[PDB]
Amino acid sequence: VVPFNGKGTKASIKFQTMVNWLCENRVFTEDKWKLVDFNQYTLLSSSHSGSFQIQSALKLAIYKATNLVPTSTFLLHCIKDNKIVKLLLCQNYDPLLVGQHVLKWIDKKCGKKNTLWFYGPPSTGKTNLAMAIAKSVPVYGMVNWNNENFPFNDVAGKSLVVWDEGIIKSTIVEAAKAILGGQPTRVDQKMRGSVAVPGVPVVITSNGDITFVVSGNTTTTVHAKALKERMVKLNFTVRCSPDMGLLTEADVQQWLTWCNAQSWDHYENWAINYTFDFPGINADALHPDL
Amino acid sequence: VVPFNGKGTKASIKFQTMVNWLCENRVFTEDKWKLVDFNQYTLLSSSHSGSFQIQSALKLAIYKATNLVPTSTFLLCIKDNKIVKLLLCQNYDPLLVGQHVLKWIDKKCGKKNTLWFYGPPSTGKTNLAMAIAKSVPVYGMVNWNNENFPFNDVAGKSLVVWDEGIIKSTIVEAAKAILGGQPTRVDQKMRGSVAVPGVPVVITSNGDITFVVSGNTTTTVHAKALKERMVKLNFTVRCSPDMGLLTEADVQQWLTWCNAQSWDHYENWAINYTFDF
Amino acid sequence: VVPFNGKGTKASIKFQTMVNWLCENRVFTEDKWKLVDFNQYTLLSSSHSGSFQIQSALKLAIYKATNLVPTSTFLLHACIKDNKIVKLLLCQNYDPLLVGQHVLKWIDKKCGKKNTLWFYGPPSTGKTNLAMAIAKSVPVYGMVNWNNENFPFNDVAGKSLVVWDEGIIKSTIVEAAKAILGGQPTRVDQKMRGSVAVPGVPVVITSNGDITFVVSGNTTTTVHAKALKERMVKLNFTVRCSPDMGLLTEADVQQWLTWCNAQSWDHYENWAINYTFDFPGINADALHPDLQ
Amino acid sequence: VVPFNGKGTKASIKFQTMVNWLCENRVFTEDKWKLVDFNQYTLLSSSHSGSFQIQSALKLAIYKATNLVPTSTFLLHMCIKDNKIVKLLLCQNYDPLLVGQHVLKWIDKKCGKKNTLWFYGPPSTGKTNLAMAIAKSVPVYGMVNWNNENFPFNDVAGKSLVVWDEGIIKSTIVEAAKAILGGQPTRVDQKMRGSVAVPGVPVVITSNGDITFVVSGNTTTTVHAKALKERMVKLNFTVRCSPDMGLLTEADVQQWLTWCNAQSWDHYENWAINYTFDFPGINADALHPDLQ
Amino acid sequence: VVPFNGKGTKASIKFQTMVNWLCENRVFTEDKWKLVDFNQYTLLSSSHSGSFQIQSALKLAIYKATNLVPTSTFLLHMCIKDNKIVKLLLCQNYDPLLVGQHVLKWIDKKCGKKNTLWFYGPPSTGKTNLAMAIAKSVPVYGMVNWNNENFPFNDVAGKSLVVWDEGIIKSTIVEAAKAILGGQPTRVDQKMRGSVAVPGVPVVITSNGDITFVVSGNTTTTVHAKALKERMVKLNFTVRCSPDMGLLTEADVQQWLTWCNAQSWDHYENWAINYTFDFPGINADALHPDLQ
Amino acid sequence: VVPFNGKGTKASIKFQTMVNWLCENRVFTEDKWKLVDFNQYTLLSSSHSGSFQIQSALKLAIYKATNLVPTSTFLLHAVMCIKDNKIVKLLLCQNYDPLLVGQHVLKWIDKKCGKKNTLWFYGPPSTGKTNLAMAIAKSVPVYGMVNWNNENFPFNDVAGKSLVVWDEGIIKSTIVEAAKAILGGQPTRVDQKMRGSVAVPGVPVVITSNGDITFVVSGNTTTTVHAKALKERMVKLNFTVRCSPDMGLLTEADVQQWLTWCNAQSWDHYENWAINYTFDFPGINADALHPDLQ
DNA sequence: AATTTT
Ligand SMILES: Nc1ncnc2c1ncn2[C@@H]1O[C@H](COP(=O)(O)OP(=O)(O)NP(=O)(O)O)[C@@H](O)[C@H]1O
Ligand SMILES: Nc1ncnc2c1ncn2[C@@H]1O[C@H](COP(=O)(O)OP(=O)(O)NP(=O)(O)O)[C@@H](O)[C@H]1O
Ligand SMILES: Nc1ncnc2c1ncn2[C@@H]1O[C@H](COP(=O)(O)OP(=O)(O)NP(=O)(O)O)[C@@H](O)[C@H]1O
Ligand SMILES: Nc1ncnc2c1ncn2[C@@H]1O[C@H](COP(=O)(O)OP(=O)(O)NP(=O)(O)O)[C@@H](O)[C@H]1O
Ligand SMILES: Nc1ncnc2c1ncn2[C@@H]1O[C@H](COP(=O)(O)OP(=O)(O)NP(=O)(O)O)[C@@H](O)[C@H]1O
Ligand SMILES: [Mg+2]
Ligand SMILES: [Mg+2]
Ligand SMILES: [Mg+2]
Ligand SMILES: [Mg+2]
C-alpha cells in the first residue's frame with residue numbers, strides 16, 4: 001500500500017496547504033470562510049479555476065476532519081445550572097444517562113437502535129435541543145419527508161441528520177430502515193447516480209406518532225413492528241417559558257464535557273436490552289453537584 | 001484566525017479593486033452599473049471571463065455591504081410626504097409603524113421579525129412593500145402558492161418579499177423557521193442545498209391567507225405559535241389611481257424624520273404584541 | 001461618480017467599436033445583421049467566442065439605444081381614408097383616432113395601471129395581424145413561451161413590447177402574470193442569469209376566448225378574474241375580414257400614427273379621468289372631418 | 001450601412017471559403033458532406049471546435065442559398081401518363097394538374113392563410129410516401145418531434161418545410177400549433193438559446209383520424225376545431241396501394257411539377273378566388289388530354 | 001464535385017489513421033476496442049479530448065464500414081442437421097429455410113412495408129435468445145428504452161437494427177412507434193442535440209402478450225389495430241425449450257444463414273407475392289431433402 | 001490484431017501507471033482511495049483535469065480487474081473452526097445445509113446457474129436477511145442498488161457492477177418489463193441520466209422483501225398475471241426462525257471462511273440438483289450434512 | 001441548460 005509518486009507542481013502544493021489551513025482552523029462552511037478570511041476568498045473567486053477549488057477544498061477538509069477523529073473530539077474541543085440540565089430535569093429525565101446515550105449515539109455505537117426520537121406536545125422544547133446539537137457538528141443534513149421521490153438528498157457526507165414533524169410512508173418505511181440503523185447503503189442524488197451513504201446518526205422530532213404508515217389517507221399500520229426496531233424514544237411532557245432563547249454552543253459543549261469524569265455503570269447494564277422508550281427518572285436524581 | 005498567505009496574480013488585485021469600487025459607490029445591481037459606468041461594463045462583457053467576474057463581484061459587493069453595518073445605516077414638509085397621507089387615509093398611525101419597522105429591519109427586536117399584508121384588493125399594498133424593498137441593498141422574491149417549493153431563491157438577500165401565495169398545510173412547520181428567523185436548510189427544486197440563515201420577510205396577499213389551513217378545516221392550535229411573533233398589518237379603502245408608484249427618496253426622508261421621535265411609545269407597545277395594531 | 005480606471009486589451013476596444021457601430025446603424029436583430037453586413041457575421045461565427053461576442057454586442061446595442069428615448073419616437077420616424085389599418089378599425093366600428101392616441105400614450109407607459117391591451121373576438125378578425133404590425137415597429141419585441149414551465153417569461157427582459165399571442169393564464173404562473181401585466185417591476189430567471197429585475201413593459205394579448213377565467217388544473221375558477229379585469233383594457237373584434245388582406249407592413253403603422261399624432265389631444269383628455277373596461281363605440285359627431 | 005472594417009485571422013478566411021464552397025456545391029446536410037467529401041469531414045471531426053465549425057457552416061450555407069429565392073425553383077427543373085405520382089393521384093379520384101398547381105403555389109407561401117395540407121384516410125394508402133417524396137426535394141426539411149412536451153416545436157427554424165407525420169394536437173401544445181400552422185412570424189424557443197424568430201413555414205400533416213378534435217387527459221374537446229379548419233386544406237386518400245409500389249423518388253416529383261407548371265393556370269385561379277376547406281374532387285369534364 | 005483543398009495538422013492525420021484502423025479491423029464498439037487494443041484505449045482516456053476522439057472515431061468508422069454495403073454481408077460468412085437454431089425451429093414447427101430467407105430479405109430493408117418481425121409465445125420458449133442471437137451479428141444494434149416517456153427512441157440513429165425486448169405500446173408513444181416501425185426516413189430527437197436523421201432500420205419485437213392492444217391509463221383500446229398489423233410479421237413460439245440450451249452464439253447464426261442463402265429461392269417469392277400477418281406453417285412434404 | 005502505433009506523452013504514461021497501481025492495490029472505489037492514498041487524492045483534486053482523471057482511472061481499473069477473472073476468485077481469496085463462522089450458524093438455524101448454499105452462491109456469482117439469476121430471501125422482520133445480502137455485496141469489487149423511488153429510472157445504478165441488490169423490493173405494474181429484462185440475465189442496454197444508453201452484459205441480482213413479489217401491484221390493486229414468468233428466473237429461500245439482537249453487522253471477512261470451505265469439499269451432491277433446478281431451495285437433509293459441522 | 005420531475 002505504498003503511496004504513488006505524485007510529486008506535483010506548485011499549484012498542487014498550494015491547494016494542499018490551503019486544505020490543511022481550512023481543516024486546522026475548524027472552517028467547514030462558506031460563510032465561516034467569508035468571516036474568517038475575506039482576502040483569500042476574494043482572490044480565489046476571481047476566476048473559474050479559482051472558484052472550482054473552493055468546493056473541492058471544503059469537501060476534502062470536511063472529509064479529513066470527520067474521518068480522522070470521531071465526533072466526540074469535536075464536541076469536547078456552573079455544572080448544575082446549565083439550560084440543558086434544567087430542561088431535562090423539568091422533563092423528568094436523568095441528564096447524565098441521556099448525555100451518555102448521545103455520546104454513544106454520535107459515534108455509531110448504539111447497535112441497531114441508533115436514533116433519537118422526540119415525541120411530545122408541541123412547543124415544548126423539542127426542535128430547540130435538536131438544532132443546538134446539530135449546530136455543533138462540522139456539518140449536518142436535513143431529511144426531506146416530502147416529494148415522495150427524492151427524500152434523502154444532502155444526507156451523504158454529513159455527520160448527522162435531523163427530522164422534524166416526521167411522516168413515514170411504506171415507500172420510505174423499509175428503505176430508511178438502514179439509515180435509521182446506520183447500515184451502509186447507496187442513496188441517489190439529483191442529476192447523479194447513487195452516493196454510498198455509510199450510515200450517520202439520526203435525530204427525529206415529531207408531534208404525531210410515526211410508527212403507523214400513512215397509506216395515502218387511511219393510515220394503516222402495516223409496518224407496525226418494522227419501524228419500531230430502529231429508533232429509541234424520549235417522550236416530552238411539560239412546557240417551558242417563552243424566554244429561553246437560543247441554547248448556543250457553550251452550554252451544550254459544557255453539558256457534553258460533564259460526562260468525562262463519571263462512570264457509565266448503569267449504561268452497560270442498560271445496554272443489554274435496548275428499550276423502545278428511554279426509562280424515565282424515578283429516584284436516581286440529585287447528583288452530588290445537583 | 002491567522003490570515004493565510006495567498007499572494008496572487010495581478011488579476012486578483014484588479015478584482016479586489018473592482019470590488020472595493022463597487023462597494024464604495026453603493027452599486028449593487030447591473031442596472032446601476034450600466035447607469036453609472038458604461039465603459040467598464042462594455043469592456044468586461046466581451047468574454048465569458050468578464051461576465052463571470054461581473055457576477056462574482058456583484059455577489060461579493062452585496063455580501064460586504066450586508067455584513068459590515070446594520071441595514072438601517074443604509075437608510076439613515078413632514079405632512080407633505082405621500083406615505084404619511086396614505087397611512088392617515090389607511091386609518092393607522094404612521095408613527096407606530098415607523099418606529100416598529102426600524103427595529104424590525106435590524107435583527108435585534110427579539111424574535112419579532114414578521115410583516116404581512118392582506119385585506120381589500122387593489123389598495124396600495126404592493127406599492128409600499130416594493131418601496132421598502134427598493135431601499136434595502138437587495139431583495140428576494142418568491143411565491144407561496146406552490147406550498148411545496150416556496151422558499152427557493154431566498155438565500156443571500158437582506159430582505160425577502162412574497163408578492164403572492166396562500167398558506168397550505170404541507171409547509172406549516174418550515175415557514176415557522178423562516179418567519180421566526182432561525183437558520184435552517186430548505187430545498188430549491190432544481191438545486192440541493194440552501195443554508196438560509198434567516199432574514200426579514202414581508203408578504204402581500206389578497207385572499208384569505210390568515211388561517212393555518214389543514215386541507216379544508218383550519219387547526220388553530222398552530223395559529224398561536226406563529227402568532228406570538230407575527231405582528232400583522234392590514235390595509236383599508238382603495239386609493240385613487242393617480243398616486244402611482246412611491247419612490248425611495250421620500251421613504252428615506254420619512255424614516256429620517258421618524259428616527260428622532262420618541263421611542264417610549266413603541267417600548268410600551270412592546271409589552272403586548274397584539275396581532276392587530 | 002468617477003469612472004473606474006480599467007484598462008482593456010485591443011480586443012475589448014474592437015468590441016466597443018462594434019457595439020458603437022451596431023448602435024449607430026440601428027441594427028437590433030440577427031437577421032438585420034445578416035442583411036446589412038453578412039461578411040462580418042460570417043467572420044464572427046467561426047468560433048464559440050465569436051457567437052458569444054455576437055449575442056453580447058446585440059444586447060448591449062439594444063440597451064444603449066433603448067435608454068431614455070421614449071419608444072413613441074421610434075414609431076414616428078416617417079390621403080388617410082385609404083389606410084388599411086383605418087379601414088380595419090372602421091370595419092370593427094371603432095374610432096381610428098382615439099385608438100391611435102391610446103396606443104401612443106400606452107407604449108410610452110404614460111397610461112397608468114392599464115398597462116395591457118386585449119384583442120378579443122372570433123377567428124379571422126385581424127387581431128394577430130394588427131398585433132404583429134404594432135410589434136415590428138418598435139426596436140425589439142419579446143414573446144411569452146407557451147410551454148416551458150421553468151422559463152415562462154423568458155425573452156421579456158431587454159425588450160420594448162411583449163406580444164403574448166394565443167393566451168391562457170396557467171394556474172402555475174397566474175401570479176407572475178398578475179405582476180407582469182400590471183407593469184410593476186419584478187425579477188425573473190433568465191437562463192443562467194438567475195433573477196433579472198425587469199423594469200416593466202407594455203403588454204398586448206390576443207385570444208379567441210376569455211382569459212380572465214384561470215384554469216384550475218382541470219376546472220376554471222373566477223377568484224382572479226376581478227384583479228385581472230382591474231388592470232386590462234379590452235377591445236372587441238367582430239366582423240370577419242377579407243381572405244386576402246395581406247400582412248400589415250411597418251409603413252402603414254407609421255402613417256397611421258403620424259396622422260394621429262398631430263391632432264387635438266383633448267378627447268383622450270376628456271376620456272382620461274375614468275378608464276372604462278372597453279373603448280366606447282364609434283360616434284357620428286366625434287370623427288375628424290378628414291375621415292368624413 | 002457601410003460594412004464594418006474589421007478583418008479576421010487566417011482561420012476565419014478558411015471558414016469563409018468553406019462556407020462558400022458548401023453554398024456553391026449545393027451541400028446542405030451532413031449526409032451529403034459525408035458522401036461527397038469524407039476527408040474534410042474526418043479532419044474537422046477531430047475536435048470540438050471542428051464540429052462547431054461544421055454546424056455553423058451548414059447553417060450559414062442554408063441561409064445564403066435560401067434567402068430571397070422562392071422554394072419552388074428547387075422543385076422545378078418524357079411521357080406523363082406513366083409517372084407514379086400521376087397514377088397515384090388519379091387512383092384517389094383527384095385532378096393531378098390542380099393538385100400540382102396547388103402544391104407549387106403553396107410552397108412559396110402564396111396561398112394566404114391556407115398554409116397547411118392535411119392528408120386523411122385509412123392506413124396503407126400513400127399519404128406518408130407522397131409527403132416524404134415532396135419533402136425530399138426542398139433544400140432542407142424539419143420535423144416536429146412527437147412526445148416532448150417541453151420543447152414541442154424544436155427543429156423548425158431555418159427549415160423550409162415542416163412535416164407532421166402521425167400527429168395529434170394535444171391541449172398542452174395547441175397554442176403553439178395554432179401559431180405555427182397559421183403561417184405568420186413568431187418566436188419559438190430553442191436549445192442553448194432563447195427564441196429564434198421563425199418567419200413562417202409551410203406545414204404538411206398526415207393522419208388516420210380527425211385532428212381538429214383536441215385530446216385532453218381522457219376527454220376530447222371541439223372548441224378549437226372551428227378555429228383550425230381555416231388554416232388547413234383536406235385531401236381524402238381512400239384507395240389502397242399495391243405492395244410493390246416502392247418508395248417514391250425526387251425525380252418523379254420533379255418531373256410531375258415541371259410538367260404541371262407549364263399548363264394552364266386559369267382553372268386554379270377560378271377555384272382560388274374562394275378557397276374551400278375541402279379540395280374539389282376530380283372533374284371528368286376538365287380531364288386534360290395528356291392524362292385521358 | 002471538387003474536394004476541398006484545406007489540410008490539417010498532425011493531430012488530424014493521426015485521427016484519420018486511427019479511424020481507418022478502426023474501420024479495417026471491424027472494431028465497432030468500445031468493448032471490442034478494449035478487448036483488442038487496451039494500450040491505446042488507456043492512452044486516449046486520460047483527457048477530455050481523448051474521449052471526444054474515441055466517440056467521433058467510433059461513429060465515423062461505423063459509418064464508413066456500413067455505407068453502400070448490404071447488411072446481410074455481415075450476417076453471411078459441418079452438418080446442418082445439428083445446428084441449434086435449426087433444431088429450435090424444427091421444435092417450433094417452422095421451415096428453417098423459409099425463415100432464414102425471410103430474415104435475409106428483411107435485414108436489407110427489402111421486405112416492403114413489413115419492416116417488423118414479432119415473436120409471440122408463452123414464457124421460456126427461446127424468443128429472446130434467438131432475437132439477441134441475430135442482434136450480435138450486425139455491426140451495431142440498438143435498444144428501445146422501456147420507461148422514459150420523453151425520449152423513448154434514443155440509441156436508434158446509426159444502428160443497423162433495433163430490438164424491443166418485452167415491449168408494450170403505451171398510448172402516449174403510439175405515434176412515434178408507428179413512425180419507427182414504418183421503416184421510412186424520418187428525423188428523431190436526441191438529448192443535448194436537435195434531431196438526427198434516421199434512414200429507417202429493421203425492428204424486431206419480443207413479447208409474451210398481445211402488443212396490438214394499446215394500453216391507455218388503466219384500460220385497453222383497439223383503435224390502433226390495423227395500422228400496427230400492416231407493419232408486422234408475427235411468429236408463434238410454443239413448446240418449452242430445454243432448461244440448459246445456453247446462449248446462441250453468432251457462429252450458429254452465420255452457419256444457418258449461409259446455408260439458407262446458398263440454396264434456391266423459388267419457394268420464397270411464391271409467398272412473397274402476398275405477405276401475410278401470420279407466418280405460414282410447416283408441411284412435411286416441402287422440407288429440404290437435407291433435413292428429411 | 002496488430003495494435004495501433006500511437007505514441008503517448010508523459011501525462012498519458014503517468015495516467016497509465018496510476019491505472020496499473022489502482023488495479024494492483026484493489027482500490028475499485030473512491031472511499032478506499034481517500035482512505036489509502038489521501039495525499040495523492042488531494043493533489044489530483046486541485047483541477048478539472050485531475051478530477052476527470054480520477055473517474056477515468058477508477059473505471060479503467062475496475063474493467064481491467066474484472067475483465068477476465070471470475071468474481072468467485074475475488075470472493076474466495078483465502079484458520080479457526082468451521083463452526084465458529086456466524087453465517088454457518090445462522091444458516092443451520094434456518095434449517096438449511098450450508099454446503100449447498102455456499103456452492104450455489106459460488107456458481108451463481110459467475111452466471112453459471114442457467115436462467116436462474118435472482119436470489120430471493122423471504123421472511124418476517126428481524127430474521128437476518130439484509131445483513132447476509134449486504135455482507136455478500138461487500139466482498140465483490142463493486143455493487144449497485146436499484147433506485148427505490150425513481151420510477152422514471154428504476155435501474156440507473158446497474159452499469160458495470162458485479163452485483164445488484166434490491167432491498168424491500170416491491171414490483172410495480174409500470175416497472176415489470178424492465179425488471180424482467182434485468183432479472184433475465186442476458187446482454188442488454190439500459191438508459192442512463194443526462195446521456196445515452198450503456199451496455200450491461202448481465203449482472204447477478206439479490207433481492208430481499210418482507211412480502212410476496214410475484215404478485216404485482218397496479219395502481220392500488222394486485223394482479224398475478226406476471227407470476228409464472230417471474231418465478232421462472234428466481235431461487236427462493238425462507239428465513240422463518242427469528243434471531244436475537246446479537247449479530248453485530250457480519251463483516252465481509254466471514255464469507256471468505258464460509259466459501260473457501262464450501263469449495264473445498266466434493267461436489268457430488270449439487271450436480272444432482274443442478275440438472276433440474278427448482279423454484280424453492282430444497283430443505284435440510286439430516287443424514288446428508290457434512291459431519292465436520294454436526 | 002435540459003432533463004427529470006410531479
Ligand atoms: N404599473 C403601474 N404604474 C404606476 N402606478 C401603478 C401601477 N400599478 C399600480 N399602480 C398604482 O399603485 C397603487 C396600487 O397598485 P397595486 O400595487 O396594484 O395595489 P395592489 O393592492 O397590490 N393590486 P391588487 O393585487 O389587486 O390588490 C395605485 O395608486 C395604482 O395607481
Ligand atoms: N400567412 C398569411 N399571409 C398573408 N395574409 C395572412 C396570413 N395569415 C393571415 N392573413 C390575413 O389575415 C386575416 C386574418 O388575420 P389573423 O392573423 O388570422 O388574425 P386573427 O383574426 O386573430 N386569426 P385568429 O388568431 O385565428 O383569431 C386573413 O383573412 C388574411 O387576410
Ligand atoms: N418501407 C417501404 N418500402 C417500400 N415501399 C413502402 C415502404 N413503406 C411503404 N411503402 C409503400 O407505400 C405504400 C403505402 O403507403 P404508406 O407510406 O403506408 O402511406 P400511408 O397510407 O400514409 N400509410 P400509413 O401511414 O401507415 O397510414 C405501400 O403499399 C408500399 O407500396
Ligand atoms: N442468462 C442465461 N444464461 C444461460 N442460459 C440462459 C439464460 N437465459 C436463458 N437461457 C437459456 O435460454 C432458454 C430460454 O431462453 P429465453 O431467453 O428465456 O427465451 P424467452 O422465452 O424469449 N425468455 P422469456 O421472455 O422470459 O419467455 C432457457 O431455458 C435457457 O436454456
Ligand atoms: N446497524 C446494525 N447494527 C448492529 N446490528 C444490526 C444492525 N442492523 C441489523 N443488525 C442485526 O442484524 C440482525 C437482523 O438484521 P436484518 O438483516 O435487518 O434482519 P431483517 O429481517 O432482514 N430486517 P429487514 O431487512 O428490515 O426485514 C439482528 O441480529 C440485528 O441486531
Ligand atoms: Mg392568432
Ligand atoms: Mg403515416
Ligand atoms: Mg424475454
Ligand atoms: Mg433490511
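Method of determination, as given in the entry header: cryo-EM; reported resolution: 3.3 Å.

### Here's the deal with the site of ligand 2
Around ligand 2 sit 19 residues, and of these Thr125(C), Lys127(C), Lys113(D), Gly183(D) and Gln184(D) come closest. Neighbouring residues of ligand 2 are distributed over chains C and D. Between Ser124(C) and ligand 2, the recorded distance is 3.1 Å, taken from a backbone N or O atom to an oxygen atom. Residue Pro243(C) places a main-chain N or O atom 3.1 Å away from an oxygen atom belonging to ligand 2.

### A few points about the UniProt feature "binding site: Mg(2+)" (unreviewed entry) in chain D
If you check UniProt for "binding site: Mg(2+)" (unreviewed entry), the listed places come out as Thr128(D), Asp165(D) and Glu166(D) in our numbering. For the residues just named, distributed over 39 residues, the greatest C-alpha separation is only 8.8 Å, placing them together at one site. Along the polypeptide, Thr128(D) turns up in helix 8 (residues 127-135). Setting aside its immediate chain neighbours within four residues, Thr128(D) contacts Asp165(D), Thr206(D) and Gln184(E).

### Quick look at the interface of chain F and chain E
Of the residues lining the interface, 37 residues belong to chain F; the matching set on chain E comes to 39 residues. When residues of the side of chain F that touches chain E are traced back to their parent elements, those giving at least two are helix 1 (10-25), helix 4 (48-66), helix 9 (176-184), strand 4 (188-191) and helix 10 (228-231) of chain F. Of the residues forming the side of chain F that touches chain E, the biggest block, 6 residues, is contributed by helix 4 of chain F. In terms of residue class, the side of chain F that touches chain E is built from 16 nonpolar, 12 polar and 9 charged.

### A word on the relation of the copies chain D and chain E
In screw terms, the move from chain D to chain E is a rotation of 59 degrees and a rise of 1.0 Å along the axis, fitting with an RMSD of 0.5 Å. Taken together, the rotation angle and the small translation identify this as a six-fold axis. Of every C-alpha in chain D, the one belonging to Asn150(D) sits nearest the axis of rotation, 9.2 Å from it.

### Here's the deal with the packing of helix 6 (residues 84-91) of chain C against helix 11 (residues 250-261) of chain C
All names here are of chain C. One can describe the packing of helix 6 onto helix 11 by two numbers: an axis separation of 8 Å at closest approach and a directional angle of 70 degrees. Put simply, helix 6 runs roughly perpendicular to helix 11. Contacts between helix 6 and helix 11 pair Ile85, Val86 and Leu89 from the former with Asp252, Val253 and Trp256 from the latter. Here the residues of the contact of helix 6 with helix 11 sort into 5 nonpolar, no polar and 1 charged.

### Here's the deal with the sheet that holds strand 2 (residues 139-141) of chain B
Residue and element names in this part refer to chain B. Spatially, the 5 strands line up as an open sheet ordered 2-3-4-1-7, and their pairing is parallel. Edge positions in the open sheet fall to strand 2 and strand 7 (233-234), since each of these has one partner strand only. As paired elements, strand 1 (residues 115-118) and strand 7 share 2 bridges and run parallel to each other. Bridge pairing in strand 7 links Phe117 to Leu233.

### A look at the pattern of salt bridges
Summed over the entire model, instances satisfying the criterion amount to 19 salt bridges over all chains. Of the charged contacts in the structure, one is a salt bridge between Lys169(A) and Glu148(A), with a shortest N-O distance of 3.3 Å. Of the two residues, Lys169(A) is situated in the loop between strand 3 (161-164) and helix 9 (170-173) and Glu148(A) in the loop between strand 2 (141-142) and strand 3; the sequence distance between them amounts to 21 residues. Accessibility expressed as a relative area gives 19% for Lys169(A), which makes it buried. Relative accessible area serves as the criterion here: at 44%, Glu148(A) is assigned to the partly exposed category. Among the ionic pairs, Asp191(F) bridges to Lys191(E), the shortest N-O distance being 3.7 Å. Placement of the pair is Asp191(F) in strand 4 and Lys191(E) in the loop between strand 4 (186-188) and strand 5 (196-198), with the two residues belonging to separate chains. One network of salt bridges, with partners in common, ties together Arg186(A), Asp157(F) and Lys161(F).

### Notes on helix 5 (residues 82-89) of chain B
Residue and element names in this part refer to chain B. Of the positions making up helix 5, those classed as buried are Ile83, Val84, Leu86 and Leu87. For helix 5, the arc enclosing every buried residue in end-on projection is 165 degrees, short of the 170-degree limit, so these residues lie on one face. A distance of 3.4 Å separates the backbone nitrogen of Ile83 from a side-chain oxygen at the start of helix 5, and that oxygen is part of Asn81. Looking one or two places after helix 5, you find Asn91, whose phi comes out positive at around 40 degrees.

### Points about the site of ligand 1
Taken together, 17 residues lie around ligand 1, and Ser122(B), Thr123(B), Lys125(B), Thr126(B) and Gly182(C) are the ones closest in. Lying at an intersection of chains, ligand 1 is approached by residues of chains B and C. In this structure, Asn206(B) approaches ligand 1 through a side-chain N or O atom, which is 3.2 Å from an oxygen atom. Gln184(C) places a side-chain nitrogen or oxygen 3.2 Å from a nitrogen atom of ligand 1. Burial of ligand 1 by the protein amounts to 89% of the accessible area it has alone, namely 620 Å². Across the shell around ligand 1, the residue classes tally to 3 nonpolar, 11 polar and 3 charged.

### A closer look at the sheet that holds strand 6 (residues 203-207) of chain E
Backbone hydrogen bonds hold the strands of a sheet together, and the pairing may be parallel or antiparallel. Residues and elements named next belong to chain E. Pairing within the open sheet is parallel, and its 5 strands lie in the order 2-3-6-1-9. The sheet is open, and its two borders are formed by strand 2 (142-143) and strand 9 (233-236), each paired with just one other strand. For strand 2 and strand 3 (residues 162-165), the ladder comprises 2 bridges, and the chain directions are parallel. Bridge pairing in strand 3 places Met143 opposite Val163. The sheet contacts of helix 7 (residues 96-107) involve strand 1 (116-120), strand 6 and strand 9, and relative to strand 1 the element is tilted by about 140 degrees.

### Notes on the domain arrangement of chain D
Parsing chain D into structural domains produces domain 1 (10-66) and domain 2 (72-291). Taken over C-alpha atoms, the centre of domain 1 of chain D sits 31 Å from the centre of domain 2 of chain D.

### A few points about the packing of helix 1 (residues 10-24) of chain A against helix 4 (residues 48-68) of chain A
All names here are of chain A. Interhelical geometry of helix 1 versus helix 4 gives an angle of 55 degrees and a closest axis separation of 9 Å. One way to sum up the angle between helix 1 and helix 4 is to call them oblique. Here the hand of the crossing between helix 1 and helix 4 comes out right-handed. Residues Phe15, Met18, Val19, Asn20, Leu22 and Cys23 of helix 1 touch helix 4, and the partners they reach there are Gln53, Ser56, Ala57, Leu60, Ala61, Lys64 and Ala65.

The rules behind the values
- Residues numbered from 1 in each chain as written, not as in the entry; some residues may be left out.
- Chains lettered and ligands numbered in written order.
- Heavy atoms only, no water.
- Residues with missing side-chain atoms left out of burial classes, pairs and counts.
- Near = heavy atom within 4 Å.
- Polar contact = N/O pair within 3.5 Å; in protein donor to acceptor, adjacent residues only side chain to side chain.
- UniProt positions renumbered as here; feature names shortened; annotations may be inferred.
- Helix = DSSP H or I, 4+ residues; strand = E, 2+ residues; numbered from the N terminus.
- Contact = heavy atoms within 4.5 Å.
- Nonpolar A, V, L, I, M, F, W, Y, C, P; charged D, E, K, R; others polar.
- Least-squares fit on C-alpha atoms.
- Axes fitted to C-alpha atoms, helices over the stretch in contact; angles between N-to-C directions.
- Parallel < 35°, antiparallel > 145°, perpendicular 65-115°, else oblique.
- Pairing = 2+ DSSP bridges.
- Salt bridge = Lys/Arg side-chain N within 4 Å of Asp/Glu carboxyl O.
- Buried < 20%, exposed > 50% of the residue type's maximum accessible area, 1.4 Å probe, protein only.
- Arc of directions from axis to C-beta.
- Areas by Shrake-Rupley, 256 points an atom, 1.4 Å probe, with all protein chains shown as cover.
- Domains from an automatic or database assignment.
- Left-handed = near helix turned anticlockwise from the far one by under 90°.

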